[PDB]
Every structure is written in structure tokens, then in C-alpha cells.
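Here's the structure we're looking at; comments come further down.
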Amino acid sequence: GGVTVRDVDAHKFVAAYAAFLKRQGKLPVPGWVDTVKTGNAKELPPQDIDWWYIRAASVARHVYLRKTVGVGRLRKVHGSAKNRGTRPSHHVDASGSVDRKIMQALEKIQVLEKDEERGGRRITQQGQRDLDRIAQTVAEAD
Amino acid sequence: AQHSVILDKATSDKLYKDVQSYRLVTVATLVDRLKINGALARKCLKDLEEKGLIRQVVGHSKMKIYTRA
Amino acid sequence: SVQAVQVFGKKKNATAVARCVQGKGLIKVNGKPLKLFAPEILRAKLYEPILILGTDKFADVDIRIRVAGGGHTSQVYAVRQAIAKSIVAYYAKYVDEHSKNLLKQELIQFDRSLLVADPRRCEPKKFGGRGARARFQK
Amino acid sequence: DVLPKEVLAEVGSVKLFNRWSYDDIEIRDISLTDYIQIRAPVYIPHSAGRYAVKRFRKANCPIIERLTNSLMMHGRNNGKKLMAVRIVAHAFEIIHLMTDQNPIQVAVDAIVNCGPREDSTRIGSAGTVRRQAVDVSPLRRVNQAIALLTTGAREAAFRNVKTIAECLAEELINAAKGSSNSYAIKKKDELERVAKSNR
Amino acid sequence: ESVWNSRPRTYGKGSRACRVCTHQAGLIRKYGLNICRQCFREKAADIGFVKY
Amino acid sequence: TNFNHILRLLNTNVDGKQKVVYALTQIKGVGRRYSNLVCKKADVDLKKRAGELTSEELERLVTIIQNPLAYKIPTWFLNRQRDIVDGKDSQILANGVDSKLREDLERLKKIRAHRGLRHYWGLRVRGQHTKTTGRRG
Amino acid sequence: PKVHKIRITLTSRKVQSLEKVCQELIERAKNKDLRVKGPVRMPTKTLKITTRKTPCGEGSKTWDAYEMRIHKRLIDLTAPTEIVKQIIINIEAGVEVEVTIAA
RNA sequence: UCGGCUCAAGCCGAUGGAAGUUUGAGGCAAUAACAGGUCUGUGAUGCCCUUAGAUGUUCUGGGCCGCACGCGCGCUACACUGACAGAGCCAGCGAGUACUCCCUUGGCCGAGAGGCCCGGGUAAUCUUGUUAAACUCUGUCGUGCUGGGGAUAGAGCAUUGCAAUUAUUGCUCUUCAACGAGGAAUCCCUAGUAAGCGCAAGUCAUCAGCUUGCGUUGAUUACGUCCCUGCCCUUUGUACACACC
Ligand SMILES: [Mg+2]
Ligand SMILES: [Mg+2]
Ligand SMILES: [Mg+2]
Ligand SMILES: [Mg+2]
Ligand SMILES: [Mg+2]
Ligand SMILES: [Mg+2]
Ligand SMILES: [Zn+2]
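Sequences listed follow chains ST, SZ, SQ, SF, Sd, SS and SU, in order.
For what it's worth, the authors' numbering labels the leading residue of the first sequence as 3, then goes sequentially.
For what it's worth, the authors' numbering labels the leading residue of the second sequence as 25, then goes sequentially.
For what it's worth, the authors' numbering labels the leading residue of the third sequence as 3, then goes sequentially.
For what it's worth, the authors' numbering labels the leading residue of the fourth sequence as 14, then goes sequentially.
For what it's worth, the authors' numbering labels the leading residue of the fifth sequence as 4, then goes sequentially.
For what it's worth, the authors' numbering labels the leading residue of the sixth sequence as 9, then goes sequentially.
For what it's worth, the authors' numbering labels the leading residue of the seventh sequence as 14, then goes sequentially.
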């Protein structure tokens with residue numbers, strides 16, 4: 003039959019790809035974990051330990067669905083409202099360094115490459131083959 | 025008002041001889057009559073589900089309800 | 003030549019354009035399958051035009067739809083409105099109307115809104131929606 | 014393939030709600046029909062109808078959404094039908110387990126029994142009340158009954174360890190019979206008693 | 004001695020004024036009018052402002 | 009059964025029925041963020057209450073509390089700079105914040121600044137409106 | 014005689030004159046055996062301004078909103094540079110024209 | 001076009017039609033008037049006054065925000081119909097480059113606020129698909145004024161402006177008040193309406209709890225009457241005409 007990315011639920015798929023990336027277990031970390039705010043609008047760090055890995059994987063999911071995307075777009079995609087006190091809330095963006103470096107490290111894993119001809123970063127030939135192989139690994143797992 | 029966060033044998037014994045007769049078991053029921061904390065009640069739901077005595081009807085991230093088998 | 007029909011559906015601000023091409027019984031929505039593109043509880047509000055009619059009547063029909071603008075419930079109302087017109091236009095244009103008339107009558111007796119849109123928009127005013135500012139001592 | 018395996022069980026049979034059927038409707042009384050609409054089944058309550066244009070358009074309308082609309086009040090709960098529909102469905106699931114009868118089977122008897130039959134009217138008397146103790150029409154009876162159940166659930170669950178998921182559920186089973194320990198009955202008996210005194 | 008107007012005026016209010024009659028309170032600069040609203044209303048019609 | 013529903017750290021009592029991360033927040037001078045950092049960096053499971061821990065790991069938390077900078081944490085995350093004309097970083101605690109708050113008042117009183125004078129009279133020091141504020145004296 | 018793929022842009026406040034300007038231009042151009050491209054329909058540009066109607070601030074508070082509409086109506090042609098000079102003659106008041114060789 | 005009333009004027013419903021309630025909402029909108037507001041919008045204006053020790057103009061500094069108290073228009077709240085953490089992911093109306101930089105993509109540095117370097121747009125072309133909020137799924141917390149609530153204040157780091165103290169504002173750590181649906185009284189409202197939530201523009205070097213518009217989700221009950229507080233026509237009474245103050 004053959005399956006693709008569209009054939010699987012996004013929420014359960016992202017958990018499956020995080021578990022798969024556990025088995026390789028090789029993505030550089032500059033020690034930013036457990037200290038960053040992950041966003042100005044936010045107030046508490048995530049409880050779960052592999053939040054950096056689910057987030058890096060989620061960044062690769064959305065870059066898989068868009069043709070050209072940059073740090074500014076991921077900056078405002080993950081933003082939310084902030085409780086400013088007695089003032090009404092607004093919309094502000096998340097932290098920049100965490101989202102920039104979490105996908106800068108994703109280049110050297112051979113998942114996505116630069117798009118200097120017009121800008122941003124796009125998905126690569128052999129990079130998509132990993133998510134394609136995991137599509138069949140999860141689809142008939144049902 | 026305050027409940028117990030730990031489960032001792034004095035509370036353990038009521039479960040394995042009473043849960044065979046409840047029609048519904050929920051976090052509200054445990055905090056109501058077992059006089060236990062809500063977090064301990066949710067743990068009591070999850071350890072007891074896997075031993076194979078109760079079955080899932082509907083599951084959700086905010087409230088979960090269980091009945092007889 | 004190739005058998006195809008084009009339909010479109012509208013809502014308050016949700017536009018759902020549809021392409022019906024003679025196929026083999028495949029349904030896909032916005033790229034995503036029908037399992038995904040909806041809120042979890044309202045996914046039921048997608049299956050009625052199929053279940054009330056029967057899967058056996060979707061033997062050789064393929065539909066591709068793009069929808070944008072509005073909100074989640076506007077989008078699901080646009081797609082549920084577009085499906086009825088796509089199927090009735092394909093059957094009316096390309097096959098005997100013995101099916102078409104029973105499809106149309108049974109579907110509209112179950113729900114009239116499948117063929118007509120509901121007009122509702124907002125009205126501007128110089129104090130807000132319909133309420134004025136607070137008054138001091140009447 | 015194109016349909017889920019769950020709904021494939023019921024698609025072969027007549028169209029109905031997936032979990033529960035709409036057959037075997039009560040035979041208990043009269044004068045309340047023609048205002049409760051069950052001839053057209055609906056899968057989910059949510060619907061964008063046109064029932065607020067004329068006087069009696071709400072008479073031909075499925076009951077379940079009307080309960081959902083009355084369930085959401087008090088400022089904060091405006092526009093959240095996604096939350097309301099799940100809560101009401103879960104309430105029917107909860108009430109189904111304490112009684113083998115259909116949740117709509119219990120719900121209909123719950124509404125039909127908690128409706129007041131007399132009420133006191135306000136006639137001016139220059140500072141006094143000439144309460145004439147008029148009767149109540151069936152449509153107003155069901156309209157106020159829904160309000161009493163919803164405000165009873167909201168008041169009971171307010172500042173309590175219980176949650177509205179089963180807080181709403183418990184009144185339907187309580188009100189199914191003459192329990193007399195529910196909020197709706199508390200308002201109901203006081204209204205007939207004050208009408209009886211003020212006749 | 005010629006320092007009697009040493010205050011620079013290129014900064015917010017005071018560096019701009021109404022065209023028709025000098026004024027600095029509530030002046031519209033959007034879309035490059037730089038005219039007072041009171042002076043605006045009598046001469047609106049000719050400029051092309053209308054109602055619908 | 010060593011579950012003692014009472015603890016005593018730095019002249020204050022804390023409860024044991026509630027979680028470890030918020031147990032340290034009870035003592036004055038520490039918030040949620042700092043407690044989150046110290047509880048994560050002490051290698052303690054967050055799923056157990058403050059009473060289910062053992063003795064040996066209890067002191068090394070308060071040693072971190074008294075000496076913050078020695079365990080590779082940022083300087084801006086602390087709560088003290090410029091103790092005197094030349095200053096060092098510090099992380100002050102429950103009795104410390106209470107002790108430290110008073111002396112700054114009469115010191116700046118000695119230099120006799122306007123803000124200190126406002127403090128001295130007790131009227132609001134930060135410039136703020138008064139037609140509907142502070143109607144208690 | 015080298016073709017330059019001319020394009021001319023239009024702007025005006027009123028709407029009726031421009032329509033007959035294009036109506037006469039298309040017939041003036043088709044008869045000379047020139048390949049003509051249709052009169053595309055550019056979006057109308059609506060502009061709004063809000064100010065207080067009263068000049069002093071007394072009494073009740075009420076506002077009025079002035080507005081303005083603009084049309085563009087772009088047209089292009091494929092022809093040499095010198096030919097369009099005699100093809101763009103006889104224009105009336107109000108309508109302004111801007112020429113772009115687009116070489 | 002048709003049904004059920006009437007000689008007529010007229011009203012209600014259905015089918016084609018989205019509609020027929022005047023399809024919905026607006027702009028403009030009678031005679032005669034107020035000792036209503038404005039000389040502090042105007043090089044519109046009578047009279048009076050000061051006019052070189054100037055009430056003209058201009059520069060420095062401060063004030064219009066100063067606080068025992070009563071009142072109005074608003075914002076966040078009094079929690080489980082909740083808070084917190086990860087994931088899923090849907091709009092519209094508008095705005096943008098000078099004789100000096102205006103909205104701003106992409107790349108790098110930077111906890112954060114920010115900094116540096118190429119580049120696009122005088123604009124259905126680039127910002128912008130403005131992938132906003134609400135909302136949905138999976139977990140933590142468990143009724144305790146607690147992880148609801150954020151007043152008050154200390155220390156540190158930045159941008160804007162000639163100049164930031166009575167901090168302009170933003171960011172990091174810490175301090176963790178009152179507040180359990182609120183008395184006598186009182187305002188607004190009939191379907192994409194009330195309420196919940198955000199966005200665009202204005203004043204602006206920077207600051208929105210303000211106003212004018214735009215969009216997402218979208219309700220209970222009535223389709224009446226003149227009882228209170230008011231309006232219109234006729235008959236009627238008057239010792240009122242500055243007119244029941
Ligand atoms: Mg408005
Ligand atoms: Mg008039
Ligand atoms: Mg003067
Ligand atoms: Mg507290
Ligand atoms: Mg602004
Ligand atoms: Mg008389
Ligand atoms: Zn002027």
C-alpha cells in the first residue's frame with residue numbers, strides 16, 4: 003500500500019519519533035537545558051526531561067510542511083499570551099536562542115539544509131527518508 | 025479537611041476487599057470516602073488498573089472514570 | 003474525456019473550494035486524511051453526509067478540497083456544505099438522475115442547510131456591538 | 014476504510030446516536046408532547062439552527078442542544094460548546110452506568126417530573142400583591158425546568174471537591190423519581206406551596 | 004548674542020503647526036495633511052472628502 | 009515508617025505532605041524558579057513528597073542555598089549585588105532578607121535623600137496618584 | 014521598429030472617465046493590428062479617516078467617518094516605443110497617465 | 001406566482017430565489033427656538049486694558065502627577081465550568097522609505113530585554129499565508145484564601161530621546177497585601193445579538209488600562225402592554241402666560 007507523513011496522527015507520531023531518536027542518542031547540547039525560559043510569555047520550565055528533543059523534533063515537523071521558514075517564523079509560531087499583571091494580555095514571542103540553536107544543531111544530523119539561494123532552511127533528500135521510514139514503522143504498528 | 029498523601033496497610037486493606045462492589049470509582053470518590061489526597065487517588069487508579077480487575081470506559085487527560093469488569 | 007466537476011462552498015469568512023474527479027473511492031481533506039482535519043469531538047460532524055447515503059454510492063468518486071479563512075467550525079461547516087453540492091453536481095451532470103433525485107430529497111429532508119447557505123454577518127456601530135456607554139444618573 | 018470501524022457497526026442498522034438508541038420512548042403522560050422534539054434524531058447536539066427568528070421555532074428543536082446552551086452561564090462560560098458537548102455526553106455516560114435504562118430514558122422522566130404546574134403572578138395593589146396564582150404553560154414549564162437543573166449543578170459544584178462531570182449527572186438520576194432532596198424540587202415545592210397559600 | 008533661539012525644534016510638538024492658521028494642539032499629520040481639524044472641516048469638501 | 013509531617017530548615021517549619029520543589033518555597037527569601045533549579049540540580053525525583061527523602065541528601069541542598077555560585081549557576085539569577093562601594097554576588101535567605109531590609113533605610117536616611125525622606129514620613133515613595141489610592145491613613 | 018512591451022498606469026478619483034478612456038483606447042489600438050491584452054481589474058483602494066464632528070467638545074460625544082475610493086485599472090500592450098505616443102492622445106481632465114517602457 | 005382575510009386601503013405564510021421584517025444596517029433629514037457651549041481653532045469680530053519696569057516674543061528651572069476624604073467611566077480578580085507544562089492549529093479591516101532612514105525578510109551573537117551583517121518593498125509583487133487570541137489533545141496540581149489573585153518594594157541588565165530623579169518603558173531574581181459573587185441604590189440589551197477573546201488605525205522618538213473600526217467562538221426568555229418614568233392626537237377645566245420649580 004505505502005504510507006507517508008499525512009497518514010499518521012501528528013501528536014502520537016511526534017512521541018514515536020522522539021522514542022526513535024532516543025535510540026540514536028546523538029544530538030549536541032550546549033548545556034542550555036534546565037536554565038532557559040523557553041519564552042518571555044511563559045513562566046515555568048517544562049517538567050518532562052526530553053523537552054529539548056520533542057521540541058527539536060517538532061521544529062523538524064513544521065519545516066517538513068513549509069517550503070521556506072526562518073528563525074523569526076519559529077519565533078512567533080511558539081509564542082503565546084503573557085500575564086502582564088493588571089493590564090490586559092497581549093501576544094509576545096518566545097525565546098530566540100533556544101529555537102535558533104535547536105534547529106542549528108539539526109543541520110549536522112543530515113535532516114535539513116540551507117536555502118541560501120532565497121533564504122531560510124529547507125528539507126533535504128536523504129533527510130526526508132528518515133521520517134518516511136518511520137512513517138511505515140508507525141502506520142502498520144496499529 | 026487535610027487528607028493523607030501516603031497509603032498504609034490501614035488504607036490498603038479496604039481497597040482489595042471493597043473495589044469489587046463499587047459501580048464507579050473516581051478521584052472524587054476516593055478523596056470523598058477514602059479520606060486520601062487527590063494525587064494519591066490518581067496513583068491508586070493507575071497502579072490498580074494494570075493488575076486486571078477494572079476496565080476502561082472513557083479516557084481523558086483531565087478526568088478519568090472506571091467501573092467493574 | 004475525463005469526468006470532473008468543480009464546486010465551491012462559503013461561510014461567514016470560510017471558503018472551501020472542491021474538485022470532484024472520477025476516481026476509485028478516495029477521500030482526502032486539505033492534504034490531511036479525514037481522520038485528522040477536525041476537532042476531536044466534531045469529527046462526527048463530517049461523516050453524516052456519507053453515512054446517511056451509504057458507502058456503496060462512493061465507488062468511483064474522488065474529491066480534493068482546499069479551505070481557508072474563518073475558524074474551525076466555519077471550516078467544518080464549509081466542507082460539510084461543499085460535499086453535498088459536489089456529489090449532486092457530479093451525479094446530475096454525468097449519470098441518470100434516478101439516484102440524484104432520491105439523494106437530494108432524502109438529504110434535504112434530513113437537513114435543508116446542505117443546499118443553501120446561512121447569511122449572518124456583523125453590524126458596525128459607533129459604541130461597540132449594540133450597547134452604549136454607562137450613563138451617570140439616567 | 015473511509016469509515017471508522019466503530020461507526021461501521023451502527024451504519025448497517027438505522028441511523029441513531031452511536032452510543033445509544035432513540036427507540037422505546039416513554040409512555041407516561043400527555044400534554045407535554047408536541048413541544049419536545051424527537052422525531053428527527055441528531056448525532057451531536059451542536060448545530061447552527063435558525064430557531065431564534067419567530068415565536069415557536071424553538072418548539073421544533075432537539076432537546077440536547079437546548080440543555081447544552083442552558084448549561085453554560087455566569088460570564089466565564091460563553092461560547093464554549095466544545096467543552097459543553099463533551100461534558101453533557103460524559104454526564105449521559107455516567108448516568109448510564111447507575112441504571113441500565115437509556116440515558117435519554119431517564120432524562121425525559123427527569124424533565125417531565127420537575128416542572129411546576131402553578132405560579133404566582135404580580136398584580137399591583139399600591140404596595141400590596143394581588144397574587145392570582147395562575148397556571149404555567151408546558152413550554153415555560155420545560156424552559157424553567159432546564160434552568161433549575163443547570164443552576165442546581167452549578168451551585169452544587171461551586172466550591173466543592175466534586176467536579177461538574179458527575180455533579181451534573183447526579184441530579185438526573187436524583188430527579189428521575191420523587192427523591193425530594195434535589196435543588197429543583199426545593200424550588201418546585203415552594204412555588205406550588207406559595208401559590209396554594211396565595212389562592 | 005545670537006543664541007536667543009538656541010533651542011532646537013525637530014522633536015515632537017513645537018516643530019510642527021497647522022498650515023492655515025498656526026496651532027499645535029491636536030494636529031493630524033497622518034497622510035500628510037498637517038492641518039487643524041477645525042480648519043479641516045470647512046475646506047474638506049473641495050479637497051475631496053465626502054460621506055457615503 | 010520515617011514519614012515525619014514536619015521539617016525544620018533555617019529557623020522555619022515546612023510541611024512534608026506536599027511536593028519537594030514547593031517545599032523549599034515555603035521559607036522566606038526563595039521563589040519557584042530558584043527552587044526549581046536547586047531541586048533539579050540536586051538529582052531528586054520530583055514525583056515524591058518532601059517527607060519521603062532521606063537525611064544525607066537534605067544538607068547538600070541547603071549548602072547550595074548558602075553558597076550558590078560554586079555550582080555553576082549564573083550571576084544574574086542571584087538576589088544581591090553591590091553590598092558596599094565594591095560588591096560581590098550573594099543569595100540571601102529568610103532571616104537575611106528581613107535583616108537586610110531595615111538597614112538600607114536608615115543608611116540612605118543618613119545620606120538624607122528625597123526617597124529616604126518619603127520612606128521616613130511613611131508616605132508613598134514612588135511617585136504615584138492619590139485621589140483614589142491608599143485610603144487607609 | 015523594435016517592440017518594447019509597453020505598459021501604462023492610470024489613477025483617478027472619479028470612475029466613469031477611466032472606463033471610457035480604456036474603451037476608446039482598445040478600439041484605437043485593435044484596428045492597427047496590434048496584439049492587445051485585456052483590461053485587468055485591479056482592486057479598489059478604500060481609505061478612511063475618523064475625527065470628531067463637533068469643534069468644541071460640549072454635549073454628547075459623536076463621531077463621523079470620511080472615506081475615499083481609488084481605482085487603478087492597469088493595461089499593457091506589445092508595441093514599439095514611438096507608436097504609443099500617437100495612441101495615447103486626446104485625454105481629458107482629471108485622469109493622469111504614467112508611461113513605463115518596461116524594456 | 002400562490003394560500004387563508006377585506007369592495008377598497010392593508011397585514012401574515014409558502015414555493016423559484018439568499019432574502020422579501022421596508023432583505024439588514026447607515027448617510028442626509030421640517031417651522032419656530034435655548035440668554036446651551038466656544039473670543040483658549042482661525043490674519044472671523046465690537047468695546048475696554050497693558051503697549052519697552054511689556055499681558056508681545058524668547059531662554060533656564062519647577063508645576064499642571066502635589067494628599068486625613070466623598071463621587072464617575074474602565075482593567076485584572078475572588079478559582080476545579082480552575083491553574084500549570086508539552087503538543088495540535090484557524091481570521092479580517094488596515095499601515096510602510098526622507099533631503100533622512102519608515103514598516104522590516106534572511107544570517108550570526110545574545111538567558112531575556114537587545115546587538116551586528118546582506119537583502120526586499122514608494123507597495124494584490126516585499127513585510128504578510130500578518131499560520132493572533134480563543135480553542136483542541138496529552139500530563140502535573142487537588143478546595144487549603146494553596147501552584148487562584150499580583151498590590152507594594154530591593155538589586156541587576158537594555159533600547160528611545162538634548163535631558164529618564166517624583167524611576168518613560170522593557171527584561172532577570174526576590175518581596176506574595178486586600179479579595180469567597182458584594183448593602184440601600186443603579187446602567188445596557190431582541191440573532192452572528194449579549195457576554196468571552198484578540199487584531200488594525202489615531203494621539204506617538206518610547207509608553208493603552210483610551211477612542212474609532214476589524215475579525216474568531218456565539219447563548220436563556222418575550223414577539224406583549226401603558227403599571228413607574230416619558231412621547232403623540234382629540235374632548236374637557238383653570239384665578240396659570242417668567243406658563244405647577
Ligand atoms: Mg463599532
Ligand atoms: Mg426635525
Ligand atoms: Mg502670555
Ligand atoms: Mg501565596
Ligand atoms: Mg498605539
Ligand atoms: Mg371645575
Ligand atoms: Zn489652522
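All C-beta atoms, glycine included, are put in the ideal place defined by N, C-alpha and C.
Which listed residue (the options) has its alpha carbon closest to that of residue i
i: ST:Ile104; options: ST:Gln128, ST:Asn85 and ST:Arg57; result: ST:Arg57
i: SF:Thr81; options: SF:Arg52, SF:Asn73, SF:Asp14 and SF:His103; result: SF:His103
i: SQ:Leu53; options: SQ:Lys34, SQ:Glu108, SQ:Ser115 and SQ:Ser76; result: SQ:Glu108
i: SF:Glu184; options: SF:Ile77, SF:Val155, SF:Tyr196 and SF:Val149; result: SF:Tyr196
i: SF:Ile186; options: SF:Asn126, SF:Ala208, SF:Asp36 and SF:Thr141; result: SF:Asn126
i: residue 5 of chain SS; options: SS:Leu15, SS:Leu109 and SS:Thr141; result: With chain SS covering 9 to 145 only, the question about residue 5 of chain SS has no answer from this structure.
i: SU:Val53; options: SU:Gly72, SU:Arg26, SU:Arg20 and SU:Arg41; result: SU:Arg20
i: SU:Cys69; options: Sd:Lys16, Sd:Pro11, Sd:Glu4 and Sd:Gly29; result: Sd:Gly29
i: SF:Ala188; options: SF:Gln118, SF:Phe171 and SF:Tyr64; result: SF:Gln118
i: SU:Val28; options: SU:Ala106, SU:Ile114, SU:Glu95 and SU:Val112; result: SU:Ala106
i: SS:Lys80; options: SS:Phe11, SS:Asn12 and SS:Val46; result: SS:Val46
i: SZ:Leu48; options: SZ:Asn61, SZ:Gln80 and SZ:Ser36; result: SZ:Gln80
i: SQ:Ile85; options: SQ:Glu50, SQ:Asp62 and SQ:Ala136; result: SQ:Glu50
Residue i, enclosing alpha helix (DSSP H) - first and last residue
i: SS:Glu67; result: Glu64 to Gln74
i: SQ:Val78; result: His74 to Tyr96
i: SU:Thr24; result: Run containing SU:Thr24: none in the alpha helix (DSSP H); it sits in the beta strand (DSSP E), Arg20 to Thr24.
i: SQ:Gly11; result: That residue, SQ:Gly11, is in no alpha helix (DSSP H); its beta strand (DSSP E) goes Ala6 to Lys12.
i: SQ:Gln24; result: Here SQ:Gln24 belongs to no alpha helix (DSSP H); instead the beta strand (DSSP E) covers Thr17 to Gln24.
i: SZ:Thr35; result: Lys33 to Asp42
Endpoints, the beta strand (DSSP E) within which residue i is located
i: ST:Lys116; result: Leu114 to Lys116
i: ST:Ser82; result: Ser82 to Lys84
i: SU:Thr91; result: Neither: SU:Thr91 is in no beta strand (DSSP E) and is coded neither H nor E.
i: SU:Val16; result: SU:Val16 -> no beta strand (DSSP E), and no H or E assigned at all.
i: SS:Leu86; result: Where SS:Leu86 is concerned, there is no enclosing beta strand (DSSP E), given that its DSSP letter is neither H nor E.
i: ST:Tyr66; result: Taken as a continuous stretch (DSSP letters only), ST:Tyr66 belongs to no beta strand (DSSP E), being part of the alpha helix (DSSP H) at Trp53 to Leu67.
CB contact check: residue i to chain SZ, cutoff 7 Å
i: SS:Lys25; result: yes
Opposing strand residues paired with residue i [DSSP bridges]
i: SU:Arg82; result: SU:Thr59
i: SF:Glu131; result: SF:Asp148
i: ST:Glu109; result: Answer is none; ST:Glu109 lacks a bridge partner.
i: SU:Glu111; result: SU:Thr22
i: SZ:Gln80; result: SZ:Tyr90
is_contact[residue i, chain ST] using C-beta, thresh 7 Å
i: SS:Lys48; result: yes
Proximity test, Cβ basis, 7 Å: residue i and chain SF
i: SQ:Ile43; result: yes
i: SZ:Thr91; result: yes
i: SQ:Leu117; result: no
i: SZ:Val49; result: no
Neighbour flag for residue i against chain Sd, beta carbons, 7 Å
i: SU:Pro56; result: no
Any C-beta of chain SS under 7 Å from that of residue i
i: SZ:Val29; result: yes
Cβ of residue i within 7 Å of any chain SQ Cβ
i: SF:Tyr35; result: no
i: SF:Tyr56; result: yes
i: ST:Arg8; result: yes
i: SF:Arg99; result: yes
Any non-hydrogen atom of ligand 7 closer than 6 Å to residue i Cβ
i: Sd:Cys42; result: yes
i: SU:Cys35; result: no
i: SU:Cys69; result: no
Any non-hydrogen atom of ligand 1 within 6 Å of residue i CB
i: SU:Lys74; result: no
7 Å Cβ cutoff, residue i in contact with chain SU
i: Sd:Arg40; result: yes
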